[PDB]
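Participant: Please see the structure below; I have some questions.
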Amino acid sequence: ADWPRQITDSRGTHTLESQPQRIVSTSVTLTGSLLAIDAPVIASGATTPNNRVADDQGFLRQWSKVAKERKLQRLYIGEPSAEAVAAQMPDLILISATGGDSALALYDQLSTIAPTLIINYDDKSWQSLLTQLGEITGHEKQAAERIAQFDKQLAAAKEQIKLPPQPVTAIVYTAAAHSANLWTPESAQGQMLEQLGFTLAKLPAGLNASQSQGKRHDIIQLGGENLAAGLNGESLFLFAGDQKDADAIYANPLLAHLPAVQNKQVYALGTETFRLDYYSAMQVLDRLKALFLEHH
Ligand SMILES: O=C(N[C@H]1COC(=O)[C@@H](NC(=O)c2cccc(O)c2O)COC(=O)[C@@H](NC(=O)c2cccc(O)c2O)COC1=O)c1cccc(O)c1O
Ligand SMILES: O=C(N[C@H]1COC(=O)[C@@H](NC(=O)c2cccc(O)c2O)COC(=O)[C@@H](NC(=O)c2cccc(O)c2O)COC1=O)c1cccc(O)c1O
Ligand SMILES: [Fe+3]
């Protein structure tokens with residue numbers, strides 16, 4: 001039989017007696033993947049409504065419409081609340097290990113309400129994460145279907161586009177802060193670009209970020225002099241940004257000497273690409289096609 005089944009965490013192996021039917025996600029990031037495979041996620045943590053990466057509820061933009069259609073409940077905005085979770089009467093609770101949406105501090109408390117699992121999204125492809133969530137929820141078939149849909153579009157996409165100059169740097173840029181976070185090869189963003197045939201730029205020395213003690217594997221912070229130093233690719237991709245962000249880079253005196261700037265190879269991928277799940281991955285495909293189709 002399919003249930004019960006054991007799922008192993010960083011906190012050991014746990015028993016899911018039966019298929020979850022009321023999943024609460026304390027990670028707004030994880031929620032996108034849950035929705036993509038039609039898992040019964042009935043409530044989610046949210047970030048700040050109408051901020052750079054979220055909709056009017058604090059949900060991530062790429063699955064905003066889906067959450068509204070399904071009447072997804074919002075647990076809280078920003079600060080995690082164990083009582084809010086309890087009130088949803090979950091039979092499974094998910095927590096992200098890293099990121100601003102991690103409710104890891106409430107692990108012990110949440111653990112008393114329902115079986116509770118800790119998931120990393122900082123160190124694996126969106127497909128890997130989807131597959132893992134499929135095992136957790138009993139929606140393996142759905143996860144495989146979503147991945148197959150993408151694989152078909154990818155096979156066509158790789159044929160349809162001509163790559164810009166390599167290697168490339170992928171970031172999230174914060175214009176008024178004159179800073180960026182640089183996506184690593186391990187990050188979902190990095191793995192996706194590699195899958196599409198891109199080579200990520202190697203970093204200078206002094207650039208390397210501790211990821212001991214379970215610290216995140218997805219980004220390297222670029223503040224101060226590290227900004228110009230870290231944007232060293234021949235092309236530059238801005239996730240979670242659109243044209244005004246690319247134009248801000250093109251106009252920044254601090255960055256004027258960089259090759260991606262001087263060769264006009266700075267590309268915005270969209271505000272809905274802060275986190276990668278099936279929905280935003282498909283968007284990234286479409287955008288790369290719009291930018292790089294041979295015939296353009
Ligand atoms: O100080 C922290 N945020 C700031 C400052 O961080 C930022 O300026 C940007 N941010 C990254 O570039 C980033 C690139 C790659 C990965 C990132 O996570 C980025 O944050 C944009 O983030 C934001 O727009 C918002 N962001 C989310 O809603 C979010 C939703 C779900 C999950 C999140 O992690 C979110 O940020 C609001 O957050 C913030 O602005 C902060 C500290 C410690 C660890 C954090 O993760 C922080 O975010
Ligand atoms: O680009 C925007 N800002 C700039 C310029 O804003 C600011 O420099 C500061 N901040 C205010 O001055 C502010 C005064 C009055 C009101 C403010 O909201 C201020 O933030 C510091 O904020 C931060 O550095 C970062 N950000 C958070 O960590 C955050 C974490 C939790 C919650 C936050 O709001 C955060 O900003 C990066 O943000 C930016 O630097 C920007 C865009 C879209 C929506 C935004 O909210 C932005 O601020
Ligand atoms: Fe964050």
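Scheme for the structure tokens: letters A, B, ... for chains in order shown; per-chain residue numbers from 1; ligand numbers from 1 in order shown.
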Using only C-alpha atoms, determine which residues lie at most 12 Å from residue 139 (chain A), disregarding the query and same-chain residues fewer than 3 positions distant; provide the list as a ChimeraX atom specification.
Facilitator: /A:2,19-21,33-40,130-136,142-146
Participant: If you run DSSP over the backbone, which residues in region 34-276 of chain A end up alpha helix (DSSP H)? Put them as a PyMOL selection string.
Facilitator: chain A and resi 34-36+64-69+82-86+107-111+126-137+140-160+188-195+226-230+243-251+259-262
Participant: Any chance you could tabulate, as a tab-separated table, the residues of region 195-266 of chain A at most 9 Å from region 89-112 of chain A with each one's nearest atom pair and distance in Å to one decimal, using only C-alpha atoms, in chain and rising number order?
Facilitator:
residue	atom	partner	partner_atom	distance
A:214	CA	A:97	CA	8.1
A:215	CA	A:98	CA	7.1
A:216	CA	A:98	CA	5.8
A:217	CA	A:98	CA	8.9
Participant: Output C-alpha atoms for every residue in the selection just made, as a tab-separated table (two decimals), in the first residue's frame.
Facilitator:
chain	number	residue	atom	x	y	z
A	214	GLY	CA	22.90	24.96	7.58
A	215	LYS	CA	23.24	28.46	6.17
A	216	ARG	CA	21.67	28.99	2.76
A	217	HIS	CA	23.24	27.63	-0.45
Participant: Could you list the protein, DNA and RNA residues that have any atom within 8 Å of ligand 2, counting only C-alpha atoms and all ligand atoms, and write them as a PyMOL selection string?
Facilitator: chain A and resi 48+50-52+174-178
Participant: Quick one: which chain A residues come within 8 Å of ligand 1, and what is the nearest atom pair for each with the distance in Å to one decimal, counting only C-alpha atoms and all ligand atoms, rows ordered by chain and ascending number, as CSV?
Facilitator:
residue,atom,partner,partner_atom_place_in_ligand_line,distance
A:27,CA,ligand 1,31 (C),7.2
A:28,CA,ligand 1,31 (C),5.8
A:29,CA,ligand 1,31 (C),5.8
A:46,CA,ligand 1,30 (C),7.5
A:47,CA,ligand 1,28 (O),4.8
A:48,CA,ligand 1,28 (O),6.0
A:51,CA,ligand 1,24 (O),5.9
A:52,CA,ligand 1,24 (O),4.6
A:53,CA,ligand 1,24 (O),5.5
A:54,CA,ligand 1,28 (O),6.6
A:58,CA,ligand 1,28 (O),7.7
A:60,CA,ligand 1,30 (C),7.7
A:98,CA,ligand 1,46 (O),7.2
A:99,CA,ligand 1,34 (O),3.6
A:100,CA,ligand 1,34 (O),3.5
A:101,CA,ligand 1,32 (C),4.3
A:102,CA,ligand 1,32 (C),7.4
A:171,CA,ligand 1,14 (C),7.3
A:172,CA,ligand 1,12 (O),4.7
A:173,CA,ligand 1,12 (O),6.1
A:174,CA,ligand 1,8 (O),5.9
A:180,CA,ligand 1,12 (O),6.1
A:181,CA,ligand 1,14 (C),5.1
A:182,CA,ligand 1,14 (C),7.3
A:183,CA,ligand 1,15 (C),6.9
A:218,CA,ligand 1,16 (C),6.9
A:219,CA,ligand 1,15 (C),5.9
A:240,CA,ligand 1,21 (C),7.8
A:274,CA,ligand 1,15 (C),6.9
A:275,CA,ligand 1,16 (C),7.9
Participant: Mind checking which residues fall within 10 Å of residue 166 (chain A), counting only C-alpha atoms, ignoring those fewer than 6 positions away in the same chain, and posting them as JSON, numbers by chain?
Facilitator: {"A": [198, 199, 200, 201, 233, 234, 235, 236]}
Participant: Quick one: of A:294, A:87, A:203, A:265, who's nearest to residue 250 (chain A), counting only C-alpha atoms?
Facilitator: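 Checking each candidate against residue 250 (chain A), we get A:265 as the closest.
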Participant: Go through A:207, A:78, A:156, A:256 and flag the residue nearest ligand 3, using only C-alpha atoms and all ligand atoms for the distances.
Facilitator: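 For ligand 3, the nearest of the given residues is A:78.
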Participant: Give the strand (DSSP E) residues of region 103-249 of chain A, as DSSP finds them on the backbone, and put them as a short mmCIF file (atom, residue, chain, number, x, y, z; two decimals) with C-alpha atoms, in the first residue's frame.
Facilitator:
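And here's states33.cif as it stands now:
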data_model
loop_
_atom_site.label_atom_id
_atom_site.label_comp_id
_atom_site.auth_asym_id
_atom_site.auth_seq_id
_atom_site.Cartn_x
_atom_site.Cartn_y
_atom_site.Cartn_z
CA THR A 116 5.84 18.68 10.61
CA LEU A 117 8.62 18.52 8.01
CA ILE A 118 11.54 20.78 7.18
CA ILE A 119 12.25 21.34 3.49
CA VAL A 168 26.52 34.76 -17.44
CA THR A 169 25.72 36.21 -14.07
CA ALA A 170 22.30 35.77 -12.44
CA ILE A 171 21.17 38.09 -9.63
CA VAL A 172 18.37 39.84 -7.84
CA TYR A 173 19.23 43.54 -7.94
CA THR A 174 18.12 46.15 -5.41
CA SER A 179 23.48 45.86 -3.95
CA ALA A 180 22.61 42.45 -5.34
CA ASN A 181 22.26 38.85 -4.32
CA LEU A 182 24.02 36.49 -6.71
CA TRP A 183 22.44 33.14 -7.50
CA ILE A 219 22.91 33.22 -2.88
CA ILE A 220 26.10 35.15 -2.25
CA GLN A 221 25.59 38.70 -1.02
CA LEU A 222 27.08 41.48 -3.13
CA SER A 235 25.59 38.69 -19.91
CA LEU A 236 23.54 39.56 -16.81
CA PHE A 237 20.11 38.21 -15.84
CA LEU A 238 17.89 39.89 -13.24
CA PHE A 239 15.37 37.58 -11.57
#
Participant: Determine the nearest neighbour of residue 202 (chain A) from the options A:127, A:232, A:88, A:25, counting only C-alpha atoms.
Facilitator: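 Once distances to residue 202 (chain A) are computed over only C-alpha atoms, the minimum belongs to A:232.
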Participant: Under the rule that only C-alpha atoms and all ligand atoms are counted, which of A:122, A:268, A:66, A:44 is the nearest residue to ligand 3?
Facilitator: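 Closest to ligand 3, using only C-alpha atoms and all ligand atoms: A:122.
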